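quick check, what structure comes out for this input:
(8 chains)
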Amino acid sequence: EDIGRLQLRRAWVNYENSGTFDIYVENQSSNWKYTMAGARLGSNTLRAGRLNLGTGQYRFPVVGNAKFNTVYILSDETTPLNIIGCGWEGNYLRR
Amino acid sequence: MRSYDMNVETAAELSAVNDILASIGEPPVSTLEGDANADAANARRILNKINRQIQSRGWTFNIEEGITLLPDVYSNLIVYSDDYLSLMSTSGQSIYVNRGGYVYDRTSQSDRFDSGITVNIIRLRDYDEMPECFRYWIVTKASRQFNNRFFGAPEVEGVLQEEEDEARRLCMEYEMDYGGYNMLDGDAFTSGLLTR
Amino acid sequence: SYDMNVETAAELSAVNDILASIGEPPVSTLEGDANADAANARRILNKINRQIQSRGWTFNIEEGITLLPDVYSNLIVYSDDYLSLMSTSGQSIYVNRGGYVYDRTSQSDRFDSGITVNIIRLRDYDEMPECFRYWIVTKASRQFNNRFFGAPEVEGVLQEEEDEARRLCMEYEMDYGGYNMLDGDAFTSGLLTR
Amino acid sequence: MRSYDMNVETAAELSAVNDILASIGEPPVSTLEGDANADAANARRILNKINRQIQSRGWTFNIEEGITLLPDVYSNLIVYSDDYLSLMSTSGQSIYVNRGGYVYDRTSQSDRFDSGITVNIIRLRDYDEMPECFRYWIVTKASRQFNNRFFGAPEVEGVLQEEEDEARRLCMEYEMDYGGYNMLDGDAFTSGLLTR
Amino acid sequence: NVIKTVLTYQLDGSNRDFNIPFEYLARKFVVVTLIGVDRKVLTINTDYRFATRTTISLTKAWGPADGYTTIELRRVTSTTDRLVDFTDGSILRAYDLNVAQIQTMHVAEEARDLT
Amino acid sequence: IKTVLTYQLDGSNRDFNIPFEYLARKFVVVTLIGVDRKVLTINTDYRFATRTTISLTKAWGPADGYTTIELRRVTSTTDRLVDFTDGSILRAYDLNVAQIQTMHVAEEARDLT
Amino acid sequence: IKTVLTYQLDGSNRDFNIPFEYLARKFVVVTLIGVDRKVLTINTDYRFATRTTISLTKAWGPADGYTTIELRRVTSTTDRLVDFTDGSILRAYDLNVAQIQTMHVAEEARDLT
Amino acid sequence: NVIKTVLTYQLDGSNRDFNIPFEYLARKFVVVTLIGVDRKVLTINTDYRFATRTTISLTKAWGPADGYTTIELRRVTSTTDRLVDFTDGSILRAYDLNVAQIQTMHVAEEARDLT
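Numbering: from 1, shown residues only, chains lettered A, B, ... in the order given. The coordinates are given below.
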């Protein structure tokens, strides 16, 4: 649907048995990283000495024109990354 | 009028553009100069237009009382530039109008002036050089138009309408505090009556 | 051991309330890697804090403080810190022109011996009364979802909450001010003296 | 502000979290410490925020009349900690404000005090160490926000708004009962008039 | 310049309650002494009780009697003893990590303030 | 390597580099010396063209005796750059700057002795 | 036990025991006092007989005017025994030594005052 | 017929502020001189300032004193120096293009007015 302007509010990436990764969001002007490292403080699977990688959904704020901002994921930190989904939310008034 | 990119960037204008952009939902822009963002350029164009309009309405700090406009002695005619938002006489009836970009005396049918004139002028200022209370009204009006023109969302449109109405109320509240107008002694007519 | 009195950073906790206003998980820090919500929430929080302070409150307005020009230039600086300049009595004359204090009536931006004005000066998110600190957060929380991610039910409640928060900050100001129509005011006080 | 887990669990606080959790529909949690429940932690955050907010409004048991704040004799300046929700002078006009975390006399332009000051302070308390009538109002308000923020259900939201209005009504009813204010003899002005 | 950790209150007669502004990682870290004759450190059990996270209460009213003119209350943070210890089984809390830096930052306050 | 150091003005020099590494612009504190200990608003009086180099912006410090400038890093312990909150993802960034802050705070206290 | 302590030189006394705990050998610095401060290499100038005691190989002695031997632990703030990366486990041993390393730097500051 | 770039204002006593109608590419292009004895070109640093894009403020009160009857305000555009330069890495924008023609058009303005 080329007609209209879509203002996308956010996005999410589904990962399974995966470690760290950085989800770069680059609009025309600025850029953002949103690193996902660990389980999150206060979570059963965060406990020390444990391998720390697991299945979950990561939701990151991506805001812009839906046509000028590029979202690309990359990671180096020696840990498997299996992406089993992706999505986004937007407003999309047609004009 | 003047180009949007002509104006020098300041911290006040940078936040104003960020606020206008957020109305649609665009992320804030770090710097205004040297960017390819089309939305950021528009927000400055909308901001400058609303800045000029809100200044055009007569405000106490905006209106200059009895300032003297000096003509070129060789030319004998005063320049009525676009920077002059309003030109009115200090007395009741204003006699100065614009003909060909120069101040024209309609009652005298002559645009050649000697020794200068005393008038009330509203002169345009930047987005800076403006009262803080007025800065949020300019932004609130501008974001309303910016949302309307480019990404018209009814949900945010209704919220901005009451935000502007409150913004106007505060600005009037600022004007009354700034003016300090007295209906007994500050009044021109009533002051002469109170003499005893 | 729960005996501690350790307190968290107020600026991040205020931002977390803006993030948590929609249910987003809190962010552990502000400075560091760029984050959209952390950058948006922090900017709106500072914007609203400036907005609320500009309105003028009894603690906010500083009465009769003098501004001194530079000795050589004879110009006073109208800094971005100054949220308002007004004359002590009435019919405020000093205005901004070129970033310097300008006397519109006297048509001269050059002053000597200083001037006396009522200035509202910017303060941090801290150094504000608790009534106002809540109002800024709940105003920024409402502003946050209107612009970026719109939740209809969250907006409905936050509008009611903001009105309630605004009402409380007014009651703080009347309690703080303690204004008296009989003796406190300038006019009637002279009349009552007998 | 303090972290949610900083506070000691009490059977009073445990019940409040269960009430807040039940608003969405989550089952009650038996023990607050040693849990991985994210929702239980959030209920602590909402409870503490609402606790501080409702305490901030002036209540006769909350307000302490004419308590003395003592400065450090070496430093000569008083500390205006975040625990102090409100600082007001006992007389009509309040002259103490916060600058840099220290009490500041705006009328005197000095933050250095000697011999201490007498002021009215609202001081923060735990969720416990609160009137029981206020505990349900704190829960009911926190229940509304907790439902709103995480799982916003219109059906339960409407009921809680009615429940909160009744909760406020009872708390005011407690306030008048606790206060026992008399317009004839408890009144400052009218008491002097009744002398015969 | 201001000394946050160490601060003294003039007794000015019978003042039961005194405010402790500084943060403290343990109830044992705050130490209260009277000043005017000798540095007499007070016992936590009987001599003084807190009754509140932020203010203390002293049983007897020293005032100007016994030659004690002022009260001195300060925080001393035990270097050897660590409030938080990490074990493999235990879950990482925001509590546990925060106390790690906060304690060793409090010790740095004490060294800087005594200078 | 020392957080405490002093630069003599050595004529009207706008620029002075700071050797010590610092976390935030607020943490670095700079005072003009020569007649009396004068503290200056860093965000206003100086410009950071680079992180290390401060700018007097106008040959500040003239024959009035302000011929000495003091460079210090005072990292505030009360205001933590990172304080971990439950429900937030841990980050190697957050753990590193949390350690680097208290090391900066401890290092400043050690040099003050 | 003080992290900083100076021992009487006592003529030709080769060995000196230190009570303070130290994470690494490189942290401990031994200097010569009496005429000027002299820094000594870890391995050539002295040797660690055990963890607790240190023996000076060259027996500098009272000769040249040095009258006392000063032994202090300095923990480098820039050099960290454990550093945190986004991947990997967060072992409890690493988090503990990270705690005690920055604790040691603060402990050195308090003893100096 | 009208001379837009060059215009003179009678001092008529002490008047601080004078309005410049012509548009100028740079503040260095606007030149201010007093008339009545000699053409004394004013320095921008101290003798006269602006405080506004269209207004200039003069420090001392010339008026009829010192024999300077009027003030002369004209704009001279430097031919040799170009305000805008184009490079391959540079992005074309409205600012750079508009300056290119209009600076040249200002130079032709002065030549026509001086005739």
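
middle-most residue in chain E, spatially?
Closest residue to the average C-alpha location of chain E: residue E:30 at 1.8 Å, with CA atoms, centre = their mean.

excluding covalently adjacent residues, which one is nearest to it?
Once flanking residues are discounted, residue E:30 sits nearest to residue E:24: 5.1 Å by CB to CB, 6 or more residues apart in numbering or on different chains. The C-beta positions use only the backbone N, C-alpha and C, and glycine is treated the same way.

contacts only, for the spatially most distant residue from the centre of chain E.
Distance from the C-alpha centroid of chain E peaks at residue E:89, with 32.9 Å (CA atoms, centre = their mean). Applying CB atoms under 8 Å, 6 or more residues apart in numbering or on different chains to residue E:89 gives the contacts A:47-49.

possible to save these as CSV with distance to residue D:155, secondary structure and neighbour count?
Formatted as CSV, the contacts of residue E:89 follow (distance: CB to CB, whole Å; DSSP: H, G, I helix; E, B strand; the rest coil; neighbours: other CB atoms under 10 Å in any protein chain shown):
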residue, distance to residue D:155, secondary structure, neighbour count
A:47, 38, coil, 20
A:48, 43, coil, 20
A:49, 45, coil, 17
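
tell me where the chain has helices.
Using chain A. Using DSSP state H, no helices are found in chain A.

sorry, I should have been clearer: chain E.
Here chain E has its helices, by DSSP H, at E:94-114.

how about the residues of it that lie near chain D?
Residues of chain E lying close to chain D (CB under 8 Å from any CB of the partner chain) are E:2-3, E:7-10, E:12, E:15, E:18-19, E:21, E:54, E:70, E:91, E:93-95, E:98.

out of those, which are buried?
Neighbour counting by 16 or more other CB atoms under 10 Å in any protein chain shown classes E:3, E:7-10, E:15, E:18-19, E:21, E:70, E:91, E:93-95, E:98 among the residues of chain E next to chain D as buried.

between those residues, which is closest to chain B?
Ranked by distance to chain B (CB to the nearest CB), these are led by residue E:94 at 28.5 Å.

how about the residue in chain E positioned nearest to chain A: what's its closest non-neighbour residue?
Per CB to the nearest CB, residue E:88 is where chain E lies closest to chain A, at 3.7 Å. Of all residues not flanking residue E:88 in the chain, residue A:49 sits nearest, at 3.7 Å (CB to CB, 6+ apart).

go on, residue B:182?
Leaving aside its chain neighbours, residue B:182 sits nearest to residue C:90 (7.3 Å; criterion: CB to CB, 6+ apart).

next, count neighbours for that neighbour.
13 (other CB atoms under 10 Å in any protein chain shown).

next: the one 10 residues further on.
The burial count assigned to residue C:100 is 18, neighbours taken as other CB under 10 Å.

picking that back up, contacting residues for the residue nearest to the centre of chain E?
Per CB under 8 Å, 6+ apart, neighbours of residue E:30: E:20, E:24, E:56, E:73-75.

closest to residue E:35 out of the residues you listed?
Ranked by distance to residue E:35 (CB to CB), the contacts of residue E:30 are led by residue E:73 at 10.4 Å.

the longest strand seen in chain A vs chain B: in contact?
Identified as the longest strand of chain A according to DSSP state E is strand A:8-18. Yes: part of strand A:8-18 sits near chain B under the criterion CB under 8 Å from any CB, namely residue A:9.

buried ones in that strand?
Buried residues in strand A:8-18, counted by 16+ other CB under 10 Å: A:8-11, A:13-15, A:18.

can you list contacts of it?
With CB under 8 Å, 6+ apart, strand A:8-18 has contacts from A:21, A:23, A:36, A:53-64, A:66, A:71, A:73, A:79-91, B:25, C:148-150.

show the buried residues in those.
Looks like the contacts of strand A:8-18 have A:21, A:23, A:36, A:53-54, A:56, A:58-64, A:71, A:73, A:79, A:81, A:90-91, B:25, C:148-150 buried, using 16+ other CB under 10 Å.

isn't the residue nearest to residue E:30 right up against residue E:75?
Yes: at 5.0 Å, residue E:24 counts as touching residue E:75 under the criterion of CB atoms under 8 Å.

got the contact list for residue B:134?
B:54, B:59, B:171, B:174.

roughly how far does the most centrally placed residue in chain B sit from residue B:151?
By CA atoms, centre = their mean, chain B has its centre lying nearest to residue B:55, at 1.4 Å. To residue B:151, residue B:55 is 27 Å away according to CB to CB, to the nearest Å.

ok, residue B:180 next?
Counting by CB to CB, the gap between residue B:180 and residue B:151 amounts to 42 Å.
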